[PDB]
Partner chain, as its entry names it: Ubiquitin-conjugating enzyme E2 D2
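One chain comes next, on its own, written out as structure tokens in the form solved without the partner chain.
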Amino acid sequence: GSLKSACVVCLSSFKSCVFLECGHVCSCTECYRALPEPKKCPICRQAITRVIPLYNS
């Protein structure tokens, strides 16, 4: 289910982040950090104001 579960940026780590405010779950944590500034969601291209773990903190 890699379309559903693999990070859409590297395709090498599982998705692990929720992007706010757009709400999309598309990226692992390393790819988020690596995103060029200003950081935008790979899915919808909205600015990412905050990252929270998909695994509930």
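Positions refer to the first chain, counted from 1.
This protein has a second form, the form deposited with the partner chain bound, left out of what is shown; the following refers to that one.
No residue of the trio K4, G23 and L54 has any heavy atom within 4.5 Å of the partner chain in the entry with it bound. Contact annotation: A47 falls outside 4.5 Å of the partner chain in the entry with it bound, judged by heavy atom distances.
Using a 4.5 angstroms limit between non-hydrogen atoms, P36 touches the partner chain in the entry with it bound.
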